[PDB]
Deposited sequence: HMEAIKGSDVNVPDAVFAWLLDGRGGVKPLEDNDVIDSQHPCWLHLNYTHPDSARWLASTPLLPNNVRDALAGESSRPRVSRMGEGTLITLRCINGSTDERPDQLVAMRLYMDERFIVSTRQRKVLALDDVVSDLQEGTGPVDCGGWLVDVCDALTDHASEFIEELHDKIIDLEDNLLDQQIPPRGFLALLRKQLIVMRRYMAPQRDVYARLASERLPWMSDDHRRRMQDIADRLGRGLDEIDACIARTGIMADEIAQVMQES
């Protein structure tokens, strides 16, 4: 339902990636004579820390005003925001960030520090088992970012489970854990609202099929928050059984 584009109009030199999805599950580097539409979307992966990249970001007409700033590093909190046709999403993992603006024709994503999550999607597109629409891509990314949180949370619980095997712990160790748990909750909560939202807002580029998935992920990430709230309330308890053993 959108205006088709020329392969040139989105050409950045030092662009980490610049792929055209085949719609069958793979990619090919974007050449000047390719057409870009819903069926074959374009994925630009920028490091907003490079010259040509941050230049292209502030200039190119393919973005609204407001997104430029945010796409350039100005956001902190996870949020989905609607720029009419386009959508500006800010996500976090493990704290590393990732800002992307997307409509049905293309996905442009800007990071500074590498995101293990976006690699998995390249590894899969290079192989041929990757996404096919923008909507799919987005799900695959959020799945990944949540796999990561889900694992990293098992690791903290892992450690907190051994501390509960108690010989007291090394001074200030219990705080470095509490700190991490809290950092996690501070960002994993809002990012869940975003997942949940994207599962409700009907965007052109997302199928009822995709929304069922964002529901998965949100509800999943949701349960992760519950396991964190637990871990935290149990580091508050271990700090009282610690100020105790050292009284008797």
Relative to the deposited sequence, which regions have no modelled C-alpha positions in the structure?
95-104, 177-180, 263
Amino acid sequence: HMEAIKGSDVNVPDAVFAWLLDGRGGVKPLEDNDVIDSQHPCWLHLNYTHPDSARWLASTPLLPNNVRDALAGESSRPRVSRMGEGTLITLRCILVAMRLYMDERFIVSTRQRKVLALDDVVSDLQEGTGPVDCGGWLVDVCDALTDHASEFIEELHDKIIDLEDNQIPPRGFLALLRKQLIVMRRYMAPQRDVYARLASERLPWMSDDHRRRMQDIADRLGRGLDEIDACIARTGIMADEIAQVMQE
From here on, numbers count along this sequence of modelled residues.
Looking at the deposited entry, does 121-129 or 139-147 carry the larger mean Cα B-factor?
121-129
Comparing average C-alpha B factors as deposited, tell me which of 3-11 and 238-246 sits higher.
3-11
Scanning 109, 90, 87, 167 for peak Cα temperature factor in the entry gives 167
What's the residue among 222, 190, 64, 41 with the greatest CA temperature factor in the PDB record?
64
Ranking the modelled residues of this chain by C-alpha B-factor as given in the entry, is residue 113 in the lowest, middle or highest third?
highest
In terms of the chain's CA B-factor thirds, is residue 233 lowest, middle or highest?
middle
Third assignment of residue 152 from its chain's C-alpha B-factors
middle
Entry-reported Cα temperature factor of residue 48, expressed as the chain third it lands in
middle
Lowest, middle or highest third - CA B-factor, residue 215:
lowest
